[PDB]
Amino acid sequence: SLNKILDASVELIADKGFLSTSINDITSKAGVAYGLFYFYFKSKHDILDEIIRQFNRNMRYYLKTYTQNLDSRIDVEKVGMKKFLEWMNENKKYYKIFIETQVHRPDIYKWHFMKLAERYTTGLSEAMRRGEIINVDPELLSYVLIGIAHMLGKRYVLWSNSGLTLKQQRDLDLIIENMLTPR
């Protein structure tokens, strides 16, 4: 019943936004007793916390699937980035949830990026130690790479459904290699 509440919430919030979606809509669409909502969630905004945790987990597994079978950390970045943009395109209906989280639950919005950065920092520190990538604060470098991904996702996937041309995809690979390769 918890899971049904969660799945119903995701579809409704993505559709109508947060403020328009009542607990009633959610429990109605989920097909559970209205009372159970309040047991699992003191306030309506507490639902966002578990939603963003699931998205964070799914996005990371998705990307990990494509990055764990790869050689160069520089390949990891190039492929990882490409795959994030594909992922964002598959999940573009849901981006409204993330926008709403930044308004109504800023702590979980921060959590999402900080959790992603924590995972990313480890991987980049290992490549630094091999001499594979530029030796710099690896948290800082994670935010640089995440910031790039987020903004391209907005411009080329959310605000346009063009995606990137082949020429832009080659330019972006060149940007990333040039940034990361020790001179």
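In case it trips you up, residue 1 is the first one in the sequence shown, and so on.
Can you tell me which stretch has the higher mean Cα B-factor, 147 to 155 or 134 to 142?
-> Looking at the recorded C-alpha B-factors, 134 to 142 comes out higher on average.
Which wins on mean Cα temperature factor, 66 to 74 or 46 to 54?
-> On average, C-alpha B-factors are higher across 66 to 74.
Should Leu2 be placed in the lowest, middle or highest third of its chain by the C-alpha B factor in the entry?
-> Ranked within chain, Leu2 CA B lands in the highest tercile.
What third of the chain, by the recorded C-alpha B-factor, contains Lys96?
-> For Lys96, whose C-alpha B-factor we compare with every modelled residue in the chain, the answer is the lowest third.
B-factor third for the C-alpha atom of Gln168 within its chain = Lowest third of the chain for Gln168's C-alpha B-factor.
Could you tell me which third, lowest, middle or highest, the C-alpha B-factor of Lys82 occupies within its chain?
-> It falls in the top third of the chain.
Looking at the C-alpha B-factor of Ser22, is it in the lowest, middle or highest third of its chain?
-> As the PDB entry reports it, the C-alpha B-factor of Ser22 lands in the middle third of its chain.
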